[PDB]
Number of protein chains: 6
Amino acid sequence: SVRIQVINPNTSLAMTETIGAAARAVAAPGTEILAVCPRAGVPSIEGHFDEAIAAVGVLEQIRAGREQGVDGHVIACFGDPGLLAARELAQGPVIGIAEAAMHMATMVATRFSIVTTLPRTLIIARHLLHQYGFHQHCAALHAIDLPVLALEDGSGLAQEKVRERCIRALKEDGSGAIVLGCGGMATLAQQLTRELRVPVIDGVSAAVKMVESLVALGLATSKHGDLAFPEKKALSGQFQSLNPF
Amino acid sequence: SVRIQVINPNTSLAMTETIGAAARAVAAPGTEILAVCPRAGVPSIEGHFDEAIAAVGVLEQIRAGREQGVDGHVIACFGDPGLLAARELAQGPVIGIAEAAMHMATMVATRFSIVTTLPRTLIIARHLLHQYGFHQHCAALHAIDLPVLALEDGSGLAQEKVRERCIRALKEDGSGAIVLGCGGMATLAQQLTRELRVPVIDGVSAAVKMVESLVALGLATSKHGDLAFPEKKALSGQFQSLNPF
Amino acid sequence: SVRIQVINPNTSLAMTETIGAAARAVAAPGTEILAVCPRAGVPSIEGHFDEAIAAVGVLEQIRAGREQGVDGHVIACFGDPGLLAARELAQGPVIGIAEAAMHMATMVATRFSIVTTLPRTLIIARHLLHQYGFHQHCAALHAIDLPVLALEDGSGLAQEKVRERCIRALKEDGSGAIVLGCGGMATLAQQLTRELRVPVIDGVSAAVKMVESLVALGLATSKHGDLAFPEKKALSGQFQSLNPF
Amino acid sequence: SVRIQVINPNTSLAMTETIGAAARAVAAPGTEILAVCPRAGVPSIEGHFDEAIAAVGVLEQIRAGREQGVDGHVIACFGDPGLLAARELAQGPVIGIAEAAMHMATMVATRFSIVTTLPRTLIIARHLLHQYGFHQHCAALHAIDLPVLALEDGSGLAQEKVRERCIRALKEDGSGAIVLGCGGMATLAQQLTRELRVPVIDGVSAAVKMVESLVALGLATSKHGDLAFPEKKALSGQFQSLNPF
Amino acid sequence: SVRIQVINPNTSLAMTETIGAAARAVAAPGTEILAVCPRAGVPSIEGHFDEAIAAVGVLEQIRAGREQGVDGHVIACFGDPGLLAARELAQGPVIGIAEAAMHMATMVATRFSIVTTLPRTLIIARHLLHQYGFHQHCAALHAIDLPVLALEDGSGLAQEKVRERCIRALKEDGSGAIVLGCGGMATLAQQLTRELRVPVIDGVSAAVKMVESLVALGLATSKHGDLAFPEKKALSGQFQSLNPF
Amino acid sequence: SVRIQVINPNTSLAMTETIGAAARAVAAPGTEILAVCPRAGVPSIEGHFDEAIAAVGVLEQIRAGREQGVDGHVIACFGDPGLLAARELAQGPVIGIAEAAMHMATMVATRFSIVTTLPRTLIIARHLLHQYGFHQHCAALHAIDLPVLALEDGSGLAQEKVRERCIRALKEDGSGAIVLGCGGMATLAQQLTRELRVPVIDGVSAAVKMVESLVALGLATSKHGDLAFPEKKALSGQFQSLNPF
Ligand SMILES: [Cl-]
Ligand SMILES: [Cl-]
Ligand SMILES: [Cl-]
Ligand SMILES: [Cl-]
Ligand SMILES: [Cl-]
Ligand SMILES: [Cl-]
């Protein structure tokens with residue numbers, strides 16, 4: 001009855017499976033998850049260059065989603081790459097996983113801490129905090145200092161480091177909740193929540209619920225003004241498939 | 001399966017019915033709405049004095065909700081009176097209708113406008129914008145210059161004035177969506193949305209979906225630090241019933 | 001000639017005496033202090049639940065003050081509970097002790113540090129900083145990690161911990177002054193000021209001087225718009241005594 | 001018993017008399033006002049160039065005040081020129097009239113409007129709002145479009161224009177109080193307050209009360225860190241008299 | 001001696017010529033301008049979708065520039081698309097035209113106004129203001145309500161509308177300068193400046209001077225942390241050419 | 001062909017030589033540097049008192065510069081004393097060294113750290129950050145805890161301490177660049193940049209390039225409104241020479 005396109009903006013099939021599984025586990029009855037990734041792009045997103053590439057992959061999948069008539073979309077990278085570009089292109093609502101996780105966090109705690117991957121992604125998270133208006137609600141940001149794909153490498157090392165940093169954060173930061181700063185951490189939310197007895201929030205699941213909520217409310221992206229469909233233009237080269245509408 | 005206590009912070013039975021009906025119309029299967037109001041308080045909330053009284057009524061109902069074992073609560077006045085006090089007292093999550101409406105608005109538009117009741121409530125809305133961090137996302141705030149209860153007076157006058165102000169806002173403000181600034185406007189959201197072809201958002205329905213989403217995510221108010229249960233204290237007089245736990 | 005109602009928002013007679021004594025010690029000639037507390041409420045204020053209860057007690061006393069024809073009021077809890085609600089109800093000006101202490105601090109130092117009671121009250125102080133617009137002027141906030149009433153328990157332990165934290169703050173924070181974050185610390189201001197040779201500010205005394213200043217200036221709360229007397233409404237139950245005017 | 005040096009930063013004897021009279025009218029018993037102006041400077045302050053000159057004149061008088069052993073100082077130009085430089089040099093507290101008027105305004109209204117002289121002084125007022133942290137509390141700023149000295153020219157034209165702009169502001173701005181943006185408007189505060197039935201605030205009188213309050217509280221400028229006495233240095237030329245201490 | 005790659009992020013050869021000419025007219029002796037545009041993309045940039053496409057075109061040209069050993073780059077669209085992604089990829093500095101125009105504006109005026117193309121680009125300009133930290137320095141933003149390419153259509157209509165809006169802005173906004181909000185307006189800066197006798201700033205020329213200044217200062221993009229070269233990754237499909245280094 | 005007056009706001013001939021040499025080393029062909037200092041003032045600037053004195057010395061030299069017909073001016077103290085007053089008085093543009101260094105820093109790094117002289121100057125730097133809008137772009141501020149003139153004392157001690165603090169900053173702060181917080185550090189920029197392999201920015205050289213850029217762009221200070229020439233006034237005493245125009 002409700003179809004939600006969950007877009008992994010990176011090309012890693014491994015991470016697409018982690019993300020898709022987290023999406024399906026919290027999905028309401030009647031919700032179908034379509035877990036996808038771009039055909040062309042970058043295997044993981046860890047910086048501004050990666051984000052700009054991922055944004056175009058997101059747009060490719062948004063187009064696919066829209067021609068399939070999906071009810072909504074999630075952007076399952078913590079940089080929310082191409083969020084506003086996607087909202088212009090899409091009919092249904094588009095929710096980012098950083099956006100969704102941060103929003104939820106303000107509903108269950110006064111302040112939250114972020115636990116992310118590499119140090120260079122911290123500035124990306126900071127920018128989103130300021131953009132979404134949640135900077136005052138974030139007590140601290142931490143990186144585990146391992147690449148994104150370390151979460152899929154089978155060792156459990158990155159998972160253990162997330163745990164240790166969550167404990168440290170709750171002891172030191174003066175925050176009441178954790179926001180996980182990576183789509184690949186989606187699996188850890190429920191276990192850390194039960195273990196640490198505080199909300200540990202995965203944006204993937206959170207974004208699924210937001211799309212479902214918006215659909216049930218009969219609310220979709222405003223096509224009045226800023227997020228109107230793109231002006232009709234001739235797109236050249238590899239971009240020509242992006243807006244057939 | 002899921003029980004959500006929807007608290008009208010004012011004592012108006014009329015408004016409690018409007019609010020309860022809006023809550024039930026968007027509720028997911030298996031969700032039961034418990035539409036309540038305080039036994040003692042003010043018939044409508046239009047200023048700081050009214051809010052302080054309403055906050056204590058909210059707390060009385062939160063206590064009732066918690067002893068009944070409800071899954072979550074909504075505070076159905078646009079001042080979100082007693083929100084943080086309620087989160088301390090409650091086990092399940094507590095969502096305000098201004099909070100919920102504003103959050104949803106940022107998901108479907110770049111900026112929104114608020115349409116509220118009396119001029120003196122504008123400063124209350126402004127304070128919430130700054131508190132929740134959405135000030136940059138709000139293009140403008142407008143009052144229809146009629147008391148809250150005018151919405152229940154049967155004339156359709158307040159309803160018509162909301163409509164006219166929504167049209168005016170969308171023409172002038174540079175915003176893509178409307179946030180309704182009163183629990184009693186809940187009925188108008190879906191009709192104005194279809195009529196004006198932009199999201200017109202009722203916080204009551206929005207807050208119901210947030211409680212449902214949080215419950216499905218296994219997330220509840222953090223009891224670590226700021227929103228921990230109140231320190232155990234002897235409450236005197238009319239307050240002695242508030243915290244039997 | 002000038003009568004100032006100093007309202008301890010908690011029910012502790014012990015703290016009411018500390019507060020009343022601090023108020024009388026700095027009062028100008030011709031100023032009479034009326035040190036009061038609510039008949040029903042909470043013995044100490046340490047969180048959002050406590051604040052919401054205290055706000056209604058403040059309002060009960062504001063009503064008493066106004067029917068007695070007092071010239072002004074102070075709210076002698078560092079959360080300034082019910083400040084705006086009180087200004088609506090009162091004719092004379094109403095000054096909070098956090099408000100007053102923070103205002104004074106910006107007049108004698110570039111930045112100040114706050115020394116308060118429990119960790120969970122820090123977020124309350126932070127919110128007031130942002131509301132009053134003094135966030136940039138506050139270098140740091142510290143808690144002594146003892147309940148409010150520890151200040152009245154006779155051991156001198158809380159008093160010693162305030163001293164130690166003040167010294168630490170002045171060494172580490174890059175601030176030129178201390179704001180005491182509790183009505184019960186009122187006694188310590190003058191001694192710590194002389195001892196540490198920097199302004200250590202008690203909001204109780206500071207608020208008394210503000211009421212006196214405003215009265216001498218012929219300035220009272222604006223009854224135009226936001227802080228106008230509450231809309232005339234029927235108050236039910238235990239609230240019915242709040243607005244007989 | 002208490003001696004307060006009220007410094008008109010401009011060289012106009014006419015304005016010094018207006019300022020001195022406003023200071024004496026609200027002064028507490030036992031307070032002596034010393035109304036002064038620099039020996040060298042500018043006849044009125046209307047821009048950044050004027051302010052920089054006025055700041056040095058303020059410092060010359062601060063030195064005189066300090067060698068006379070005054071209890072405190074006011075800077076009676078609405079640009080508060082040389083405020084922090086003065087606090088370094090002075091032992092007693094130094095209060096600006098913009099600072100004092102704005103502080104008082106937040107105690108009696110949610111938001112205020114400013115009515116000042118020339119358009120080019122608006123940016124000066126805006127900068128002070130941001131510096132003191134009151135930007136959110138200021139609804140609007142207006143200029144009467146007449147030079148500062150028009151207030152002393154005997155025609156009553158500038159006085160009438162202040163009145164008309166105050167009425168306009170209260171009708172249009174959504175504010176509950178007026179801050180007068182010129183030392184020469186000091187005379188109008190009490191009459192406009194009675195006439196318009198809202199607080200109309202003169203910073204001159206307000207600053208006098210702040211100095212009196214701080215003195216009664218045993219609080220003076222912090223000499224720890226930022227506002228410590230200037231580093232001992234050889235001052236050349238016309239500056240050599242500024243710091244004989 | 002100094003080679004500066006000026007990148008038109010849109011595919012319009014017409015606009016590339018306007019941009020290249022504006023760049024060459026202010027270039028210092030010894031500076032060579034390389035005016036380029038992407039091989040694949042969108043003919044004009046008017047919204048978020050357009051920006052995301054343009055960012056990847058910018059990156060394609062950055063790569064070309066870097067393999068040619070250019071000294072620096074400018075991004076000649078007023079959305080500064082792909083600015084941070086480009087700084088990661090490039091060795092020499094990368095300056096956006098909105099960034100450069102806004103920076104210059106704060107050096108010659110207290111506040112500026114923006115005159116841009118379509119209403120839907122205003123929110124893009126607003127976001128950049130907040131990101132670069134210039135929001136307080138911008139008095140107002142205006143659109144001429146014509147598409148970007150109207151500037152190249154030969155009628156002089158868009159040019160006349162820019163002029164009229166500049167005059168209107170200087171009369172109404174309380175600003176001392178204009179920032180042109182489109183690369184295609186580059187031609188108008190010098191003529192409007194002479195005609196209106198205020199700074200009217202073209203970001204294209206401004207960005208050229210910044211690259212020249214940074215090169216002469218021996219300053220280039222920091223490769224420490226946030227703007228380090230992208231992590232070495234396998235790029236698939238049409239993206240595989242982006243990072244051969 | 002281009003004449004730039006570089007004003008050392010302090011009276012130290014030693015520092016004037018350091019500043020003049022740094023200015024000449026990056027100057028474009030055809031640019032003549034006029035390195036000057038006031039005839040009367042303070043030997044070094046380390047606090048608010050010093051700044052107010054230095055501002056008037058700056059104005060004295062601005063007048064000299066303008067009667068000589070210079071193309072622009074730099075204010076070579078890191079407090080940018082008298083910047084706006086100077087822009088009013090001058091015809092050519094006036095650039096501060098803090099202003100210029102901070103502006104450049106945002107072009108080559110996401111965030112920067114400041115390394116300055118005495119602890120009491122940190123608050124001055126903080127105020128400029130907020131004024132120029134760069135507060136979010138500054139990761140941290142550090143003082144070497146030595147007076148300004150220690151840089152000219154020949155021991156190399158202050159120089160070594162700058163180096164050590166730069167290394168520490170880059171390890172700890174999460175910043176990609178250093179802004180030198182003193183005119184006397186100008187010499188160190190190029191050596192530390194090469195040594196630490198990140199941009200280490202001297203505002204003196206940076207400000208020279210900005211004046212050159214603005215002149216080449218045909219842009220000068222706006223004489224419309226806020227930065228118009230001062231209102232024609234009779235200046236008395238030692239100030240009478242400041243505005244003969
Ligand atoms: Cl991610
Ligand atoms: Cl409501
Ligand atoms: Cl308290
Ligand atoms: Cl004035
Ligand atoms: Cl453009
Ligand atoms: Cl310096």
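Side chains are part of it too, since the values below use all heavy atoms of this structure and drop only hydrogens, waters and symmetry mates. Each chain gets a letter, A, B and so on, in the order its sequence line appears, and its residues count up from 1.
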- Let me see the working for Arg63(D) and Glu67(D) under salt bridge (charged side-chain N to carboxylate O under 4.0 Å, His left out), right down to the final yes or no. CA-CA 6 Å; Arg63(D) 183 228 79 215; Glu67(D) 64 190 359; 2.7 Å; yes
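In this structure, chain F has heavy atoms under 4.5 Å from both the backbone and the side chain of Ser44(D). Contacts of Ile45(F) with chain D are made by backbone atoms alone, with heavy-atom separations under 4.5 Å and no side-chain atom involved. Heavy atoms closer than 4.5 Å to chain F are found in both the backbone and the side chain of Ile53(D). Neither the backbone nor the side chain of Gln240(D) comes within contact range of chain F; no heavy atoms are under 4.5 Å apart. At a 4.5 Å heavy-atom cutoff, the contact between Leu84(D) and chain F is made by backbone and side-chain atoms alike. With a 4.5 angstrom heavy-atom cutoff, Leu227(D) touches chain F via backbone and side-chain atoms both. Looking at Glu88(D), the atoms closer than 4.5 Å to chain F (heavy atoms on both sides) all sit in the side chain, from C-beta outward. Proximity to chain F involves both the backbone and the side chain of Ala228(D), based on heavy atoms less than 4.5 angstrom apart.
At distances below 3.5 Å, at least one donor-acceptor pair connects side-chain atoms of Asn10(F) with backbone N or O atoms of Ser12(F). With hydrogens and angles disregarded, no donor-acceptor distance shorter than 3.5 Å links the side chain of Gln5(D) to the backbone of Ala35(D).
Side-chain contact check for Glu99(F) versus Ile75(F): every heavy-atom pair is 4.5 Å or farther apart.
With ring centers used as reference points, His127(D) lies 6.0 Å or more from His135(D).
Taken to the nearest 0.5 Å, the CZ atom of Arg126(F) stands 6.0 Å off from the CD1 atom of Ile123(F).
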